[PDB]
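Raw contents of run-v8.txt, compact mmCIF, C-alpha atoms:
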# COMPACT_ATOMS: atom_id res chain seq x y z
CA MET A 1 26.82 -10.11 -14.23
CA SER A 2 24.61 -9.73 -11.16
CA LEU A 3 20.98 -8.66 -11.50
CA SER A 4 19.55 -6.94 -8.43
CA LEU A 5 16.32 -6.39 -10.37
CA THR A 6 15.53 -10.09 -9.84
CA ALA A 7 15.25 -9.60 -6.07
CA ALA A 8 13.23 -6.40 -6.50
CA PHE A 9 10.99 -8.21 -8.99
CA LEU A 10 10.21 -11.11 -6.65
CA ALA A 11 9.79 -8.58 -3.83
CA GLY A 12 7.30 -6.60 -5.91
CA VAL A 13 5.24 -9.72 -6.55
CA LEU A 14 5.34 -10.49 -2.83
CA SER A 15 4.03 -7.00 -2.02
CA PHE A 16 1.21 -7.51 -4.52
CA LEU A 17 0.15 -10.76 -2.85
CA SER A 18 0.79 -9.27 0.59
CA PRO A 19 -2.48 -8.47 2.44
CA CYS A 20 -0.63 -5.58 4.09
CA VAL A 21 -0.19 -3.80 0.76
CA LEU A 22 -2.45 -4.97 -2.09
CA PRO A 23 -2.14 -2.10 -4.65
CA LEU A 24 -5.63 -3.02 -5.90
CA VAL A 25 -7.02 -1.63 -2.63
CA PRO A 26 -5.73 2.03 -2.93
CA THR A 27 -6.43 1.95 -6.68
CA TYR A 28 -10.07 1.02 -6.01
CA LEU A 29 -10.34 4.11 -3.83
CA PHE A 30 -8.38 6.32 -6.23
CA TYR A 31 -10.71 5.42 -9.10
CA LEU A 32 -13.67 5.85 -6.74
CA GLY A 33 -12.69 9.49 -6.33
CA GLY A 34 -12.88 10.03 -10.07
CA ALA A 35 -9.65 12.04 -10.25
CA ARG A 36 -9.00 12.62 -13.96
CA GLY A 37 -8.76 9.19 -15.56
CA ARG A 38 -5.07 9.28 -16.45
CA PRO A 39 -3.25 6.19 -15.06
CA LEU A 40 0.03 7.13 -16.76
CA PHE A 41 0.20 10.51 -15.02
CA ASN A 42 -1.06 9.07 -11.73
CA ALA A 43 1.63 6.38 -11.82
CA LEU A 44 4.43 8.78 -12.79
CA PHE A 45 3.34 11.15 -10.01
CA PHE A 46 3.29 8.35 -7.43
CA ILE A 47 6.63 7.03 -8.69
CA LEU A 48 8.28 10.44 -8.40
CA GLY A 49 6.65 11.19 -5.05
CA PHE A 50 7.61 7.84 -3.55
CA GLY A 51 11.10 7.99 -5.04
CA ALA A 52 11.72 11.47 -3.65
CA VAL A 53 10.61 10.43 -0.16
CA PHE A 54 12.64 7.20 -0.29
CA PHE A 55 15.72 9.23 -1.19
CA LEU A 56 15.19 12.16 1.19
CA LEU A 57 14.34 9.82 4.06
CA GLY A 58 16.91 7.28 2.89
CA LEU A 59 19.74 9.75 3.48
CA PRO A 60 19.32 10.06 7.33
CA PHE A 61 18.91 6.26 7.47
CA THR A 62 22.71 6.12 7.55
CA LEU A 63 22.85 7.92 10.90
CA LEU A 64 19.52 6.45 12.05
CA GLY A 65 21.27 3.09 12.31
CA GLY A 66 22.81 4.30 15.55
CA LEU A 67 19.35 4.80 17.05
CA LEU A 68 18.54 1.12 16.43
CA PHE A 69 20.83 0.37 19.38
CA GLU A 70 18.09 1.81 21.61
CA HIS A 71 14.34 1.14 21.38
CA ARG A 72 11.64 2.77 19.27
CA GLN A 73 8.87 0.16 19.42
CA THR A 74 6.49 2.97 20.40
CA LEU A 75 6.48 3.99 16.73
CA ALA A 76 4.66 0.75 15.89
CA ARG A 77 1.84 1.73 18.25
CA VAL A 78 1.13 4.88 16.24
CA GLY A 79 0.38 2.75 13.19
CA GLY A 80 -2.27 0.83 15.09
CA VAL A 81 -4.02 4.02 16.20
CA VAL A 82 -4.18 5.27 12.60
CA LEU A 83 -5.54 1.91 11.42
CA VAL A 84 -8.28 1.97 14.08
CA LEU A 85 -9.23 5.54 13.14
CA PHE A 86 -9.34 4.59 9.46
CA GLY A 87 -11.45 1.53 10.21
CA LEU A 88 -13.99 3.68 12.06
CA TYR A 89 -14.27 6.02 9.07
CA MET A 90 -14.50 3.02 6.73
CA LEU A 91 -17.59 1.92 8.68
CA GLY A 92 -19.26 5.03 7.28
CA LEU A 93 -19.78 6.46 10.76
CA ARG A 94 -19.07 10.07 11.66
CA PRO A 95 -17.49 11.23 14.97
CA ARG A 96 -19.67 14.34 15.14
CA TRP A 97 -23.34 13.37 15.29
CA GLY A 98 -24.57 16.78 14.19
CA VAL A 99 -24.01 17.34 10.49
CA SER A 100 -25.80 20.41 9.13
CA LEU A 101 -27.02 21.05 5.59
CA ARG A 102 -26.12 23.66 2.93
CA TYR A 103 -22.39 23.01 3.17
CA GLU A 104 -19.51 23.72 0.79
CA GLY A 105 -17.38 21.34 -1.25
CA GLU A 106 -17.24 21.81 -5.02
CA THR A 107 -13.93 20.09 -5.80
CA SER A 108 -14.35 17.34 -3.20
CA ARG A 109 -13.40 14.64 -5.72
CA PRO A 110 -9.60 15.46 -5.91
CA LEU A 111 -9.63 15.64 -2.10
CA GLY A 112 -10.07 11.88 -1.80
CA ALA A 113 -7.24 11.33 -4.26
CA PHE A 114 -4.81 13.66 -2.47
CA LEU A 115 -5.81 12.31 0.94
CA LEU A 116 -5.25 8.72 -0.21
CA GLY A 117 -1.77 9.70 -1.37
CA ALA A 118 -0.83 11.24 1.97
CA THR A 119 -2.44 8.23 3.67
CA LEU A 120 0.04 5.83 2.05
CA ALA A 121 2.86 8.17 3.09
CA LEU A 122 1.81 8.65 6.72
CA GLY A 123 0.31 5.19 7.20
CA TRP A 124 3.35 3.01 7.80
CA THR A 125 2.81 -0.73 7.53
CA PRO A 126 4.16 -2.47 10.69
CA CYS A 127 4.31 -5.74 8.75
CA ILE A 128 7.03 -4.29 6.53
CA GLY A 129 8.77 -2.57 9.44
CA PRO A 130 11.19 -5.42 10.37
CA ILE A 131 11.79 -6.04 6.67
CA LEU A 132 12.71 -2.40 5.99
CA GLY A 133 14.68 -2.15 9.23
CA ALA A 134 16.84 -5.05 8.05
CA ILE A 135 17.73 -2.98 4.98
CA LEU A 136 19.03 -0.08 7.11
CA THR A 137 21.70 -2.37 8.59
CA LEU A 138 22.79 -3.12 5.02
CA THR A 139 22.82 0.52 3.89
CA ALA A 140 24.81 1.50 6.99
CA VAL A 141 27.75 -0.66 5.90
CA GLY A 142 27.39 0.28 2.24
CA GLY A 143 24.18 1.23 0.49
CA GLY A 144 22.16 0.39 -2.59
CA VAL A 145 21.34 3.24 -4.97
CA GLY A 146 20.66 0.89 -7.87
CA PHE A 147 18.70 -1.36 -5.53
CA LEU A 148 16.28 1.43 -4.63
CA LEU A 149 15.79 2.23 -8.31
CA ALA A 150 15.29 -1.47 -9.08
CA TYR A 151 12.55 -1.60 -6.44
CA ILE A 152 10.68 1.32 -7.99
CA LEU A 153 11.23 0.02 -11.52
CA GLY A 154 10.12 -3.44 -10.41
CA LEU A 155 6.76 -2.03 -9.30
CA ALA A 156 6.58 0.22 -12.38
CA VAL A 157 6.47 -2.83 -14.67
CA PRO A 158 3.18 -4.37 -13.28
CA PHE A 159 1.73 -0.88 -12.81
CA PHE A 160 2.20 -0.01 -16.49
CA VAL A 161 0.76 -3.37 -17.57
CA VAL A 162 -2.28 -2.96 -15.31
CA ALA A 163 -2.74 0.65 -16.48
CA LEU A 164 -2.93 -0.47 -20.11
CA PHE A 165 -5.14 -3.48 -19.35
CA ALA A 166 -7.42 -1.23 -17.27
CA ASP A 167 -8.41 0.47 -20.54
CA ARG A 168 -10.47 -2.51 -21.70
CA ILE A 169 -11.53 -3.41 -18.14
CA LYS A 170 -12.88 0.15 -17.75
CA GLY A 171 -15.76 -0.70 -20.08
CA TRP A 172 -16.43 -3.82 -18.03
CA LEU A 173 -16.44 -2.04 -14.64
CA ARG A 174 -19.57 -0.16 -15.73
CA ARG A 175 -21.01 -3.23 -17.47
CA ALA A 176 -20.55 -5.58 -14.48
CA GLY A 177 -23.22 -4.07 -12.25
CA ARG A 178 -23.39 -4.14 -8.46
CA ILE A 179 -20.79 -6.91 -8.14
CA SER A 180 -18.02 -4.29 -8.09
CA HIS A 181 -19.59 -2.95 -4.89
CA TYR A 182 -19.31 -6.34 -3.18
CA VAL A 183 -15.53 -6.58 -3.57
CA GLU A 184 -15.27 -2.90 -2.62
CA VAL A 185 -16.39 -3.44 0.98
CA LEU A 186 -15.05 -7.01 1.12
CA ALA A 187 -11.43 -5.89 0.78
CA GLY A 188 -12.07 -3.18 3.35
CA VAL A 189 -13.37 -5.65 5.94
CA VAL A 190 -10.38 -7.97 5.49
CA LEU A 191 -7.99 -5.00 5.71
CA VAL A 192 -9.41 -3.97 9.09
CA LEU A 193 -9.43 -7.60 10.27
CA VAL A 194 -5.76 -8.08 9.38
CA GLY A 195 -4.86 -4.69 10.84
CA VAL A 196 -6.59 -5.39 14.16
CA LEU A 197 -5.22 -8.96 14.29
CA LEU A 198 -1.69 -7.63 13.77
CA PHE A 199 -1.94 -4.88 16.40
CA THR A 200 -3.40 -7.15 19.07
CA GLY A 201 -1.58 -10.20 17.71
CA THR A 202 1.95 -8.79 17.72
CA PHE A 203 4.63 -11.51 18.02
CA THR A 204 2.47 -14.62 17.66
CA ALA A 205 1.07 -17.14 15.13
CA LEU A 206 -0.12 -14.07 13.21
CA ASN A 207 3.45 -13.45 12.03
CA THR A 208 3.59 -17.03 10.75
CA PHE A 209 0.20 -16.66 9.05
CA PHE A 210 1.90 -14.37 6.53
CA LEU A 211 3.61 -17.49 5.18
CA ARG A 212 0.21 -19.08 4.50
CA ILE A 213 -0.54 -16.44 1.87
CA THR A 214 2.82 -16.92 0.15
CA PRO A 215 2.39 -19.39 -2.77
CA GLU A 216 4.56 -22.50 -2.50
CA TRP A 217 4.81 -22.50 -6.31
CA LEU A 218 7.07 -19.45 -6.04
CA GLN A 219 9.28 -20.92 -3.30
CA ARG A 220 9.75 -24.16 -5.24
CA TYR A 221 10.88 -22.05 -8.20
CA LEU A 222 14.04 -20.99 -6.38
CA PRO A 223 17.31 -22.50 -7.74
CA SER A 224 19.14 -21.85 -4.47
Would you give me this structure, written as structure tokens?
Amino acid sequence: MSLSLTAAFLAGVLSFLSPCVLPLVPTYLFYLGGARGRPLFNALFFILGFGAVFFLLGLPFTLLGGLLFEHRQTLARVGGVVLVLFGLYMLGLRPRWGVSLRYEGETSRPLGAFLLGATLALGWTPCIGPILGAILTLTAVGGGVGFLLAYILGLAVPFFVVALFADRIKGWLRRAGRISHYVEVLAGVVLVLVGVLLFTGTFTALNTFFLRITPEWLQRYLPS
């Protein structure tokens, strides 16, 4: 009689409107790498990959709850370093000011796709850290196998809808013009701004600013 999918559904929508996630960002880079052009296979692959990691890493989370009694805030610092490094590369600047010519590459297109995948796996979002950490305390006293599946399925729904709608939008992307290039760098700038404001902001008004992005029309739609 209880539907855990409801929570996962609302959570999925929150992640979509969350400036710390924004699936449209990685997708814009994935499509920028060319890849193959198969959203169904790309989604299924990401779903399986993410699910496998969430399960394999979810297992030790039972014993990892005992480590929470100590302190591992130093793990949040690593995320900031990665964000800074990514921001520097996003600026289009190279660390080695001595690039030669007549280099090799060939299949450099799938490299951006594979790298972006590993990026989302290694690049942990500190904004979702406390939120995920709160789930460990719940899985330590019980668990939530169906909950994990509901979370993945919840994100699968919008992904499938977007994948199908992207078919008609694909013809528009090439018809638009140079406008698609404006939003390309725009999202990147905001991403770096939020990332740097979170690292240097820490526990401040920045944590409360996340409530300014959350639509009040969704909060007023709660029966409880």
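The coordinates place CA of residue 199 in chain A at 8.6 Å from CA of residue 79 in chain A.
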Item to check | Non-local contacts of residue 135 in chain A (12 Å; all atoms listed in the file; under 4 positions in same chain excluded) as a PyMOL selection string | outcome: chain A and resi 58+61-62+64-65+128-131+139-144+147-148
Checklist entry - Which one is closest to residue 38 in chain A: A:211, A:163, A:187, A:17? Count all atoms listed in the file. => result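 Between A:211, A:163, A:187, A:17, the residue approaching residue 38 in chain A most closely is A:163.
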Next on the checklist: Which residue is closest to residue 136 in chain A? Choose from A:20, A:12, A:67, A:32 and count all atoms listed in the file.
Outcome noted: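 Checking each candidate against residue 136 in chain A, we get A:67 as the closest.
With only C-alpha atoms as the basis for measurement, A:16 is the residue among A:16, A:89, A:46, A:97 that approaches residue 213 in chain A most closely.
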Next on the checklist: Using all atoms listed in the file, can you tell me which of A:217, A:114, A:160, A:50 comes closest to residue 29 in chain A?
Outcome noted: A:114
Next on the checklist: I want to know what sits within 12 Å of residue 13 in chain A, based on all atoms listed in the file, with residues of the same chain fewer than 5 positions away left out; could you give that as a list in words?
Outcome noted: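 Near residue 13 in chain A, the qualifying residues are residues 6, 7, 8, 18, 19, 21, 22, 23, 151, 154, 155, 156, 157, 158, 159, 214, 215 and 218 of chain A.
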Mind writing the picked residues with C-alpha atoms as a PDB file, in the frame of the given file?
ATOM      1  CA  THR A   6      15.530 -10.090  -9.840  1.00  0.00           C
ATOM      2  CA  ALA A   7      15.250  -9.600  -6.070  1.00  0.00           C
ATOM      3  CA  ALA A   8      13.230  -6.400  -6.500  1.00  0.00           C
ATOM      4  CA  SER A  18       0.790  -9.270   0.590  1.00  0.00           C
ATOM      5  CA  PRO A  19      -2.480  -8.470   2.440  1.00  0.00           C
ATOM      6  CA  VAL A  21      -0.190  -3.800   0.760  1.00  0.00           C
ATOM      7  CA  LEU A  22      -2.450  -4.970  -2.090  1.00  0.00           C
ATOM      8  CA  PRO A  23      -2.140  -2.100  -4.650  1.00  0.00           C
ATOM      9  CA  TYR A 151      12.550  -1.600  -6.440  1.00  0.00           C
ATOM     10  CA  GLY A 154      10.120  -3.440 -10.410  1.00  0.00           C
ATOM     11  CA  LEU A 155       6.760  -2.030  -9.300  1.00  0.00           C
ATOM     12  CA  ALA A 156       6.580   0.220 -12.380  1.00  0.00           C
ATOM     13  CA  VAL A 157       6.470  -2.830 -14.670  1.00  0.00           C
ATOM     14  CA  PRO A 158       3.180  -4.370 -13.280  1.00  0.00           C
ATOM     15  CA  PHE A 159       1.730  -0.880 -12.810  1.00  0.00           C
ATOM     16  CA  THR A 214       2.820 -16.920   0.150  1.00  0.00           C
ATOM     17  CA  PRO A 215       2.390 -19.390  -2.770  1.00  0.00           C
ATOM     18  CA  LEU A 218       7.070 -19.450  -6.040  1.00  0.00           C
TER      19      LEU A 218
END
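Among A:26, A:80, A:98, A:105, the residue with the shortest atom-to-atom distance to residue 188 in chain A, counting all atoms listed in the file, is A:26.
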Item to check | Within 9 Å of residue 207 in chain A using all atoms listed in the file, minus same-chain residues under 6 positions, as number ranges by chain | outcome: A: 127, 198, 201
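Taking CA of residue 191 in chain A and CA of residue 10 in chain A as endpoints, the distance between them is 22.8 Å.
Between residue 86 in chain A and the residues A:164, A:63, A:35, A:196, the shortest atom-to-atom distance, using all atoms listed in the file, involves A:196.
Counting from CA of residue 125 in chain A, the distance to CA of residue 15 in chain A is 11.5 Å.
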Restricted to N, CA, C and O atoms, what does range 36-69 of chain A look like when written out as a PDB file, in the first residue's frame?
ATOM      1  N   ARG A  36      27.846   7.803 -30.711  1.00  0.00           N
ATOM      2  CA  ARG A  36      27.251   6.977 -31.758  1.00  0.00           C
ATOM      3  C   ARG A  36      25.910   7.554 -32.204  1.00  0.00           C
ATOM      4  O   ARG A  36      25.564   7.511 -33.383  1.00  0.00           O
ATOM      5  N   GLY A  37      25.161   8.098 -31.249  1.00  0.00           N
ATOM      6  CA  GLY A  37      23.862   8.670 -31.555  1.00  0.00           C
ATOM      7  C   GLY A  37      22.725   7.792 -31.075  1.00  0.00           C
ATOM      8  O   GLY A  37      21.588   7.932 -31.522  1.00  0.00           O
ATOM      9  N   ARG A  38      23.038   6.881 -30.159  1.00  0.00           N
ATOM     10  CA  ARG A  38      22.044   5.966 -29.608  1.00  0.00           C
ATOM     11  C   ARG A  38      21.778   6.282 -28.135  1.00  0.00           C
ATOM     12  O   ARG A  38      22.523   5.840 -27.256  1.00  0.00           O
ATOM     13  N   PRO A  39      20.712   7.050 -27.845  1.00  0.00           N
ATOM     14  CA  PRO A  39      20.363   7.430 -26.471  1.00  0.00           C
ATOM     15  C   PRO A  39      19.868   6.253 -25.635  1.00  0.00           C
ATOM     16  O   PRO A  39      20.093   6.206 -24.428  1.00  0.00           O
ATOM     17  N   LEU A  40      19.203   5.301 -26.286  1.00  0.00           N
ATOM     18  CA  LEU A  40      18.676   4.121 -25.602  1.00  0.00           C
ATOM     19  C   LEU A  40      19.806   3.263 -25.035  1.00  0.00           C
ATOM     20  O   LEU A  40      19.738   2.806 -23.893  1.00  0.00           O
ATOM     21  N   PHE A  41      20.846   3.058 -25.837  1.00  0.00           N
ATOM     22  CA  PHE A  41      21.987   2.254 -25.416  1.00  0.00           C
ATOM     23  C   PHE A  41      22.843   3.015 -24.411  1.00  0.00           C
ATOM     24  O   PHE A  41      23.386   2.423 -23.478  1.00  0.00           O
ATOM     25  N   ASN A  42      22.953   4.327 -24.603  1.00  0.00           N
ATOM     26  CA  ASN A  42      23.727   5.168 -23.695  1.00  0.00           C
ATOM     27  C   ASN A  42      23.077   5.189 -22.315  1.00  0.00           C
ATOM     28  O   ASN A  42      23.760   5.099 -21.294  1.00  0.00           O
ATOM     29  N   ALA A  43      21.747   5.295 -22.295  1.00  0.00           N
ATOM     30  CA  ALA A  43      20.997   5.309 -21.046  1.00  0.00           C
ATOM     31  C   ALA A  43      21.122   3.970 -20.331  1.00  0.00           C
ATOM     32  O   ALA A  43      21.463   3.925 -19.154  1.00  0.00           O
ATOM     33  N   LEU A  44      20.836   2.884 -21.053  1.00  0.00           N
ATOM     34  CA  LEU A  44      20.929   1.536 -20.488  1.00  0.00           C
ATOM     35  C   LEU A  44      22.317   1.274 -19.909  1.00  0.00           C
ATOM     36  O   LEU A  44      22.446   0.691 -18.830  1.00  0.00           O
ATOM     37  N   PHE A  45      23.349   1.710 -20.629  1.00  0.00           N
ATOM     38  CA  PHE A  45      24.727   1.529 -20.183  1.00  0.00           C
ATOM     39  C   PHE A  45      24.985   2.301 -18.895  1.00  0.00           C
ATOM     40  O   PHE A  45      25.596   1.777 -17.961  1.00  0.00           O
ATOM     41  N   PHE A  46      24.516   3.546 -18.847  1.00  0.00           N
ATOM     42  CA  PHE A  46      24.686   4.379 -17.662  1.00  0.00           C
ATOM     43  C   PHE A  46      23.890   3.815 -16.490  1.00  0.00           C
ATOM     44  O   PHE A  46      24.366   3.809 -15.355  1.00  0.00           O
ATOM     45  N   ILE A  47      22.678   3.340 -16.775  1.00  0.00           N
ATOM     46  CA  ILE A  47      21.816   2.753 -15.752  1.00  0.00           C
ATOM     47  C   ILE A  47      22.485   1.534 -15.121  1.00  0.00           C
ATOM     48  O   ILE A  47      22.545   1.413 -13.896  1.00  0.00           O
ATOM     49  N   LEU A  48      22.995   0.640 -15.965  1.00  0.00           N
ATOM     50  CA  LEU A  48      23.658  -0.568 -15.489  1.00  0.00           C
ATOM     51  C   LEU A  48      24.939  -0.225 -14.739  1.00  0.00           C
ATOM     52  O   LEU A  48      25.196  -0.767 -13.663  1.00  0.00           O
ATOM     53  N   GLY A  49      25.740   0.671 -15.315  1.00  0.00           N
ATOM     54  CA  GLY A  49      26.980   1.080 -14.680  1.00  0.00           C
ATOM     55  C   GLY A  49      26.753   1.702 -13.317  1.00  0.00           C
ATOM     56  O   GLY A  49      27.405   1.325 -12.345  1.00  0.00           O
ATOM     57  N   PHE A  50      25.814   2.644 -13.242  1.00  0.00           N
ATOM     58  CA  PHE A  50      25.503   3.316 -11.984  1.00  0.00           C
ATOM     59  C   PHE A  50      24.899   2.343 -10.978  1.00  0.00           C
ATOM     60  O   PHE A  50      25.238   2.375  -9.795  1.00  0.00           O
ATOM     61  N   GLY A  51      24.005   1.477 -11.455  1.00  0.00           N
ATOM     62  CA  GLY A  51      23.381   0.498 -10.583  1.00  0.00           C
ATOM     63  C   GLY A  51      24.392  -0.451  -9.977  1.00  0.00           C
ATOM     64  O   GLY A  51      24.341  -0.738  -8.781  1.00  0.00           O
ATOM     65  N   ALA A  52      25.320  -0.932 -10.803  1.00  0.00           N
ATOM     66  CA  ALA A  52      26.361  -1.847 -10.344  1.00  0.00           C
ATOM     67  C   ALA A  52      27.215  -1.206  -9.256  1.00  0.00           C
ATOM     68  O   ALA A  52      27.490  -1.825  -8.228  1.00  0.00           O
ATOM     69  N   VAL A  53      27.625   0.040  -9.485  1.00  0.00           N
ATOM     70  CA  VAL A  53      28.446   0.767  -8.520  1.00  0.00           C
ATOM     71  C   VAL A  53      27.675   1.024  -7.226  1.00  0.00           C
ATOM     72  O   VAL A  53      28.218   0.864  -6.133  1.00  0.00           O
ATOM     73  N   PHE A  54      26.406   1.405  -7.354  1.00  0.00           N
ATOM     74  CA  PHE A  54      25.568   1.684  -6.189  1.00  0.00           C
ATOM     75  C   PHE A  54      25.349   0.433  -5.345  1.00  0.00           C
ATOM     76  O   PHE A  54      25.141   0.521  -4.136  1.00  0.00           O
ATOM     77  N   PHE A  55      25.389  -0.729  -5.984  1.00  0.00           N
ATOM     78  CA  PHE A  55      25.205  -1.991  -5.278  1.00  0.00           C
ATOM     79  C   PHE A  55      26.520  -2.476  -4.679  1.00  0.00           C
ATOM     80  O   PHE A  55      26.575  -2.857  -3.507  1.00  0.00           O
ATOM     81  N   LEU A  56      27.587  -2.439  -5.478  1.00  0.00           N
ATOM     82  CA  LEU A  56      28.901  -2.883  -5.019  1.00  0.00           C
ATOM     83  C   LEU A  56      29.423  -1.987  -3.901  1.00  0.00           C
ATOM     84  O   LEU A  56      30.031  -2.468  -2.948  1.00  0.00           O
ATOM     85  N   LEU A  57      29.188  -0.684  -4.023  1.00  0.00           N
ATOM     86  CA  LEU A  57      29.630   0.263  -3.007  1.00  0.00           C
ATOM     87  C   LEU A  57      28.595   0.372  -1.893  1.00  0.00           C
ATOM     88  O   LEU A  57      28.905   0.815  -0.793  1.00  0.00           O
ATOM     89  N   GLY A  58      27.367  -0.047  -2.185  1.00  0.00           N
ATOM     90  CA  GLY A  58      26.306   0.001  -1.191  1.00  0.00           C
ATOM     91  C   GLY A  58      26.454  -1.084  -0.143  1.00  0.00           C
ATOM     92  O   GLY A  58      25.992  -0.931   0.987  1.00  0.00           O
ATOM     93  N   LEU A  59      27.098  -2.184  -0.526  1.00  0.00           N
ATOM     94  CA  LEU A  59      27.326  -3.310   0.383  1.00  0.00           C
ATOM     95  C   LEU A  59      28.186  -2.907   1.596  1.00  0.00           C
ATOM     96  O   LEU A  59      27.751  -3.081   2.737  1.00  0.00           O
ATOM     97  N   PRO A  60      29.414  -2.357   1.385  1.00  0.00           N
ATOM     98  CA  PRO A  60      30.295  -1.951   2.493  1.00  0.00           C
ATOM     99  C   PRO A  60      29.731  -0.794   3.316  1.00  0.00           C
ATOM    100  O   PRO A  60      30.221  -0.514   4.409  1.00  0.00           O
ATOM    101  N   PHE A  61      28.704  -0.126   2.789  1.00  0.00           N
ATOM    102  CA  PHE A  61      28.072   0.998   3.483  1.00  0.00           C
ATOM    103  C   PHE A  61      27.469   0.562   4.819  1.00  0.00           C
ATOM    104  O   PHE A  61      27.197   1.392   5.686  1.00  0.00           O
ATOM    105  N   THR A  62      27.267  -0.744   4.981  1.00  0.00           N
ATOM    106  CA  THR A  62      26.723  -1.285   6.218  1.00  0.00           C
ATOM    107  C   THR A  62      27.766  -1.204   7.333  1.00  0.00           C
ATOM    108  O   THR A  62      27.454  -0.859   8.472  1.00  0.00           O
ATOM    109  N   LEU A  63      29.011  -1.518   6.981  1.00  0.00           N
ATOM    110  CA  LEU A  63      30.116  -1.484   7.933  1.00  0.00           C
ATOM    111  C   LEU A  63      30.753  -0.095   7.978  1.00  0.00           C
ATOM    112  O   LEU A  63      31.402   0.268   8.959  1.00  0.00           O
ATOM    113  N   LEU A  64      30.554   0.679   6.911  1.00  0.00           N
ATOM    114  CA  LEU A  64      31.101   2.033   6.825  1.00  0.00           C
ATOM    115  C   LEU A  64      30.407   2.964   7.816  1.00  0.00           C
ATOM    116  O   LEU A  64      30.922   4.036   8.135  1.00  0.00           O
ATOM    117  N   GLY A  65      29.235   2.548   8.299  1.00  0.00           N
ATOM    118  CA  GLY A  65      28.495   3.351   9.259  1.00  0.00           C
ATOM    119  C   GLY A  65      29.255   3.519  10.562  1.00  0.00           C
ATOM    120  O   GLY A  65      29.044   4.486  11.294  1.00  0.00           O
ATOM    121  N   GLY A  66      30.152   2.573  10.844  1.00  0.00           N
ATOM    122  CA  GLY A  66      30.953   2.636  12.053  1.00  0.00           C
ATOM    123  C   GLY A  66      32.063   3.666  11.951  1.00  0.00           C
ATOM    124  O   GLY A  66      32.567   4.148  12.965  1.00  0.00           O
ATOM    125  N   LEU A  67      32.437   4.012  10.719  1.00  0.00           N
ATOM    126  CA  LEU A  67      33.491   4.995  10.480  1.00  0.00           C
ATOM    127  C   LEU A  67      32.951   6.411  10.641  1.00  0.00           C
ATOM    128  O   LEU A  67      33.709   7.354  10.866  1.00  0.00           O
ATOM    129  N   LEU A  68      31.629   6.548  10.533  1.00  0.00           N
ATOM    130  CA  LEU A  68      30.968   7.846  10.666  1.00  0.00           C
ATOM    131  C   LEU A  68      31.146   8.409  12.074  1.00  0.00           C
ATOM    132  O   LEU A  68      30.968   9.605  12.301  1.00  0.00           O
ATOM    133  N   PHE A  69      31.479   7.529  13.018  1.00  0.00           N
ATOM    134  CA  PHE A  69      31.702   7.927  14.404  1.00  0.00           C
ATOM    135  C   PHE A  69      32.985   8.750  14.533  1.00  0.00           C
ATOM    136  O   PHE A  69      33.199   9.431  15.536  1.00  0.00           O
TER     137      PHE A  69
END
